[PDB]
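A short worksheet on the structure shown next.
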Amino acid sequence: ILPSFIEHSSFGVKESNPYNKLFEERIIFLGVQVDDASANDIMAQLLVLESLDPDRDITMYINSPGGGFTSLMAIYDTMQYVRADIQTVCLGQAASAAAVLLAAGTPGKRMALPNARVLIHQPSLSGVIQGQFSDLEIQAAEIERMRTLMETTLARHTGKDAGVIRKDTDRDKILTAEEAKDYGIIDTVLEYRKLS
Amino acid sequence: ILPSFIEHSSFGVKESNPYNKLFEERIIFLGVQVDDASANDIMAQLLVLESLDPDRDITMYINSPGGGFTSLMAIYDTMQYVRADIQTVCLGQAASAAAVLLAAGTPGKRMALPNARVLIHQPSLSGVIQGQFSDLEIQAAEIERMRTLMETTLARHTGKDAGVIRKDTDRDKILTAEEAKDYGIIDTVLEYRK
Amino acid sequence: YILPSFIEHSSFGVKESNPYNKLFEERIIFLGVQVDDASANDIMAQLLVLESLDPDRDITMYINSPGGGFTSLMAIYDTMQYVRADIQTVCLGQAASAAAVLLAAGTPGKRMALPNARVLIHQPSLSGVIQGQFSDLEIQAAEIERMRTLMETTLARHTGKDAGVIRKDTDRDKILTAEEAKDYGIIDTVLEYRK
Amino acid sequence: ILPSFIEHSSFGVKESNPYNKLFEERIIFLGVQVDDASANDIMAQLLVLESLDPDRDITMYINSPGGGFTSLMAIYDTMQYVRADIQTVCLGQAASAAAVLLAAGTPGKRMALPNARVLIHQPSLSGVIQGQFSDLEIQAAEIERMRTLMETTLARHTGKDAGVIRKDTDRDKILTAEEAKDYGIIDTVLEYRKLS
Amino acid sequence: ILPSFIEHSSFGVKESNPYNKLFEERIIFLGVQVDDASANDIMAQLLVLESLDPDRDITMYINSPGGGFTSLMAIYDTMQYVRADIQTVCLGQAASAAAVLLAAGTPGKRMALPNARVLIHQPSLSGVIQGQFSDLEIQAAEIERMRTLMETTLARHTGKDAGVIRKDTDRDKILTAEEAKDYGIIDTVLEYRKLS
Amino acid sequence: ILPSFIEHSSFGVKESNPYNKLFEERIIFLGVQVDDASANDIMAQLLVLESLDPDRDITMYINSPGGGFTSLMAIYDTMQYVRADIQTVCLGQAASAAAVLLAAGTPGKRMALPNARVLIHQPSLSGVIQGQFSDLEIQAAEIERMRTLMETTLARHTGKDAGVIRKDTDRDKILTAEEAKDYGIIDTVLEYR
Amino acid sequence: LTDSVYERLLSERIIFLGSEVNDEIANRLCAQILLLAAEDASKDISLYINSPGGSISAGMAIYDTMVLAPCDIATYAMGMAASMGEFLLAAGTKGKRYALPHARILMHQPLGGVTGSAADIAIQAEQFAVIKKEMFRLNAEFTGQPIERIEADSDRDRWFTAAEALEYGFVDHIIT
Amino acid sequence: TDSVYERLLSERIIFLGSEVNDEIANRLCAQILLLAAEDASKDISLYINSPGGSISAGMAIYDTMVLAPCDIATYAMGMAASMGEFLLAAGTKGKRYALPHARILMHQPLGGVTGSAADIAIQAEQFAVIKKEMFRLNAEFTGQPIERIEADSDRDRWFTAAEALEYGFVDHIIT
Amino acid sequence: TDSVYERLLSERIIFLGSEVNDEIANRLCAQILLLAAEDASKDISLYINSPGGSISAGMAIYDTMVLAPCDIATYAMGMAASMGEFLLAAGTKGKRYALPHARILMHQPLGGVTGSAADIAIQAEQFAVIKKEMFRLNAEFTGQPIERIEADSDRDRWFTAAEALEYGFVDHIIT
Amino acid sequence: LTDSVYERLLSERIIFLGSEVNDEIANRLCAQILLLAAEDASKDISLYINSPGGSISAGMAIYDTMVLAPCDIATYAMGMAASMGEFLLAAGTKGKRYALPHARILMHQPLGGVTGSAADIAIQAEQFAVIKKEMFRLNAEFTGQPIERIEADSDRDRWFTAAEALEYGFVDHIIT
């Protein structure tokens, strides 16, 4: 269940809920699996915040186990194309595709809470895709192009060269928020700003 | 989830959501599978935007695995009947039927973001259709007619001959955004404006 | 979700509507699903309200449909012809089986199709199996033929063909391109793209 | 199955329902299983209440069987990052991840109703996860890091040495409200404030 | 389809439904099975009714087959903590957990309608719970603690010794409203107030 | 699909639907199966209507196949507790628990339409309940008390002796609207206007 | 084949109750006792029991056929004899009721179900009270205990080790 | 097929190859009974490749092994776990073998609780009894302390053929 | 159909024709026990057309092959993969054959983890022991260094009959 | 009994490939060819084929067992011999490959699946390429056609009537 709250100024009373309020401060939440729905909803949010005001930053919170591959590159391309800066923040976890999106934040504005974990691995296929060998040879070729595209774009945003990414994502690689800064996925680890 | 936001003017306070805002700016989103419903939804969107202002352009964003064939050709005939120009944009993927619709935008206004992929393959049938052979001969004939229409209408818009299309789609053909422009499916690859 | 709403504004007030309410506002009915008992009543109610709001102006039925049941056809059909208002039919994409009969039942001169639409004609099928004593199936089999010959004579009435011909074209499915549907007598004009 | 009610002042008539009202008083309710949805819903709530007023307290009612782990640490990092203090209350039950959340409340502000029970055990995996040994070797390493992290943050808030926690969480440990105070999971057991 | 109705006063026209009107007069309905959803919804309503006014009584209509245990004790501890007195009224039935609540209403305001029945039994576990013996021995120990917490709180509220409850609940014990009064579960059996 | 309508006065315009208007005239509809949900909805409806005005009649329309036993008796005891008289009308059928409600309306205000049917049978259990004999011996006794409570409270409103109800409910007993009046379940069979 | 071993043992006058006691194992089992008494009516029949319980109707078929056979029936509790297994082991010929040393015996009261109309259930429930009384009486004859203790111990499952079972009266000897 | 195992019974060899349930257990006790009747002085060789199974079923086999006149040789092939480890260790002393790469698993019993609070109490009473009795018995077979059986068994303890020989599950390893 | 496998069993031919489970492994170890009792100097031929299966089942079969007095010829028919490659390569040195169009696959073990974080750690401890021992044994059989085995086996590595001879899995290719 | 005719036919040195080609049928058939070679290594074995196809791995157990056998293997296509059945027909002993007159031959390229990671799929794909090269080479040997035509015809299913199959080289004779 998810409450609504009510805010007020001399102009009028506004009823809104926790996710609209975050959006009102140019904050998008990426917290489900990046599937095709998820991707369209997030581009539409990005594009809208670009239209409402292109000179203020957009921030993306990430608690996501990853998602599809064409879905990733849509979100990725929208993030770079938009004029506004993008702050990416990982709470808890950013894995697989989601890990690439954390690193694809604009430099200096990629951060993660201290107990976040970041996982990186190369595209997998949970299903089986069936066909004449002619057809599987084609998909098999594209699956490899998709893999190297994940590895070169990670190299662009982390500073590791592509050849290490491939050694590193051969088997899954979990990194703690601190390990994730040394690797180059994020730029800062958020300190608990609490008095206690 | 998908939040809504609130806009304000000297006229009034307006609450809308991201897809309403996109439609307000003449953007139709085709980002699911093209089935009979989705297709009727898009035609209604096309015809409504043609009604509000036929001298202004409509934009169709495309992140779609494609869809049925008669569904494609409804959406396609509607795009070409409307007076208003149609700009198409491939954001993630435009495959099968959707790649035809990307190519069918009005010339010069077909584009793709840099890492988008385009897939072109000929009509398939994942199901099975069964009947007396006399029944299957008729359907098998129309599947051939439908195949050759995709190949001739892709050609009208890419500038290739239908025989080239028919061989490129014999087996699936995946294309990068730049290769989609070379092929003639789109006109430009959008550069990051940041 | 998949279908946005838009806002129109005038000196009178601000109106929020969506693509099918705007279309209903212009006397356009959309028949784009499978005709079942639900679809049919939803469509009769729409036809009758539009006849009440103004009986001297045309109604448009957009059609993109794979067909449906028989008594739902004959209900929708009967309403189209009872209403005083003229009925303009437009086929986008497809009008098959029962849907092709209603495309043809629009008022003459005002039945049209977009150029890449396909129109399908076949005789009633029953995908289920209905069971009983031979005496009951003899009755059911009897009505099933009445349905076929009724589909065949009303198709004949609007196309100008003879029912003995209708009955031959429908022994096996007959797919017609927009142009072939004009020659057959099902639509009157094929819209040319006005870009 | 849940009424709505109507409040009134010289300013206007307000319709709200029981959880909205509770949100109005800065109370967040964590009473379902902590899954990924739940977790985003609760960070969103924590952050908004921190935005509306960072100097006024946040209260989290907890009647929960626990939930996933990356979802645990997200809520935990938010609890500790927000500037407002957080008072935690265990009604009925706080188990697994939820028992760590009870303890991470800002000190002095952890309570439990008298017949609340608090359960603590080490991360378990109810499914099966499959692969090459090289892959399972990696998951088993992270599953062990997950256990020691639950044990050192529990140690951080309870004051126990983490080596004691690890022995106690080897098998399930049920604690009554009072046993939880002695253990160091809460600070106070609410007295019934009823005149009757 | 549950009708809605409209009330009117010199101040404004109000549309509400039967459960809202019942809530407006501080009557909470507990008429489903007590699961965690239900329990939070009822604990929230109790806490809300105490905020609008703690010097007014709250009434809990009960026609419920009972439910889980930690949900019972969540609800129980709230009912006792709240300052407001509580009227419990059984329509139809109060079984297992539901009957502890009927008895725990504040003294003198526990009642039942005449053909209402009250059922009392010791906690049962319909599932099967599995593990190494070491774990079941733990589970088993808590199930008995739970059993005796039910025997002791019922005794507090019926005036019986727990050792009698434990005998009466060995096998199920159905009580008519009058027999429930004699037992000490309620205070009065409502008489029909009809002018016919 | 169930339409909504618009009624109008000098005060304002009201939109409601056919069950709200029926509730507005103190008519409660009992037209589903009596399960625990259904029972709670009707008790709130009955109690609310008594709060809006205790000196006016409540009518219960009944076309219901019956329902649970503790949900019958909650409804019944509420009906009898409320100060307002309750008029019961059987529209289609009132079977099992539902015929007990038809008969429990206030004397003189129990009716049925002419083609309504009333079914009376003794409690059945469609499920199976399993257990030790000691536990089945207890349930079996509560089930027998339930049977006899149905037989005696029916006996209270029909004027038949409880012993006949028990002879008559041994096997189902279906009644027409007229036959329901002679048995004593309804007081009048509505004449078509 | 498993059945080839069970026949090689039938020639030696050994039969097994190795499963739940339902009608099928009960019929095969009464038949094995009729055969073995027709072949030779003076030699013993050994009934090994490793059984969890089962139907009383099927189980009273086995019991009567044991007692009416001309020859004696020695019973062996292997590993486990519970509920009707316990009854049939203890109903063995007095003096020839054996327990293997690490077998367990379970004793409890009937389990069952009720369904249907209020009158039908009344009938189901009379038979329950009868059936419950007849089994305790029989177990009280077998074990030597007062009916009052059988009823008290059987309310809920009472487990015995082979040694405890001998003190209680379910068996006469522990094999070694 | 089925006849390979029957030819092997002629040679006084029997297999425990599946989970130990009432069905394998009963056929196995019958087989040991027959083999003691045919010849009450020649060994019975019991090969074990079993993941484990029911104690009550397993205690039938154990009781029948011990009381049988002849000795019971036990050979652990590949894997002898849970009751497999118990029945392997329970073989006649001096005649308990493990093939070189077999593994032995020892751990504590598993089950469920269900029913009323009072029925579960009864269930848990037997859990303790069963566990204390199965531990005393493993300690006799291995010679280890009750202290160490209970502690090692709390969660699964795997032994390779050699580790098992030092621990006391077997007396030899074949070559 | 099983009438052929019996007619061939008399000629000292046995098949591992499916997935390796306790059941196929046990019928197979029993078949080798019988065949060494009938004659302990004539070889046994084990033809292998197998995709793999349980490591525990395969160690019963593997240990039983080795203790046999007589030799075990292994023949790769069509495909011998994973645990099938292990049993082909465990055949007596000099008497491991590959048919000309057979295929051999080598890879590392697979499995699952489940349970508490303490139970999973134990599971993983055995994962490593098992992984090191199976590579050591592949290393002995093929003549390769342990380092290359662990390396090639990281993911499936396919060999044709010809490459299998170079690597050391077999000794001959039948013609 | 259906297997009673197949065993009496085994004495006549007739064996059937009548189902889809899986490890189970391949293992029985490799067994049978070994037996028939043991009984007599100079009389032919006749292999009737009415098969839709099946696993290449299982087909290569069969194919190698055919080739290495001492005696000849005659193959007959009755009804339909497709895919791996087509390969095994054409792999018969030269001169001893028959098609019955209304049998049909289907030849097409391999099918399979991909699953796993991006690195795991790369390996699967390597084997696709080898296997397809290695299978076209062997069909090209049997039939005498060029690799270049085998590959081109095999892209999508190519059907042969008994006669067309003889001009192509799958068989050597048509029986009458």
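The first chain written gets the first letter, and so on, giving A, B, C, D, E, F, G, H, I and J; residue counts start at 1 in each chain.
One rule holds in what follows: contacts are C-beta pairs under 8 Å (C-beta built on N, C-alpha and C of every residue); 3 or more make two chains touch, one makes a residue touch a chain.
Chain identities (UniProt): A, B, C, D, E, F = ATP-dependent Clp protease proteolytic subunit 2; G, H, I, J = ATP-dependent Clp protease proteolytic subunit 1.
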item: Far-end chain from subunit I, centres as C-alpha averages; value: F
item: Which of B-C and D-I has more C-beta pairs touching across its chains; value: B-C
item: Gap in Å, rounded to a whole number, between the CA centres of subunit E and subunit C; value: 59
item: Rounded Å distance, subunit B centre to subunit H centre (Cα mean); value: 68
item: Subunit A and subunit E, separation of their C-alpha mean positions in angstrom; value: 47
item: Centroid distance [mean C-alpha coordinates] between subunit G and subunit F, Å; value: 52
item: Subunit J: positions in contact with at least two other chains; value: 119
item: Junction residues of subunit C - those touching two or more other chains; value: none
item: Chain pairs that touch, as defined at the top of this document; value: A-B, A-D, A-J, B-C, D-E, D-I, E-F, E-H, F-G, G-H, H-I, I-J
item: Subunit E-touching residues of subunit H, taken from the complex the two chains share; value: 107-118, 120-121, 123-124, 127-128, 130-131, 154-155
item: Touching residues on subunit F, where the partner in the complex is subunit G; value: 121-134, 136-137, 139-141, 143-144, 146-147, 170
item: Subunit B-touching residues of subunit C, taken from the complex the two chains share; value: 1-8, 14, 19-20, 22-23, 26, 30, 32-33, 62, 64, 66, 92-94, 114-118, 172-173, 175, 191, 193-195
item: Residues of subunit B touching subunit C in the complex; value: 12, 14, 16-17, 19-20, 22-24, 29, 32, 36-41, 43-45, 47-48, 51-52, 70-71, 73-74, 76-78, 80-83, 85, 106, 134-135, 138-139, 142, 145, 149, 153
item: Subunit H contact footprint on subunit I (complex, rising order); value: 2, 5-6, 9, 22-23, 25-27, 29-31, 33-34, 37, 56-64, 66-67, 118-119, 122, 126, 129, 133
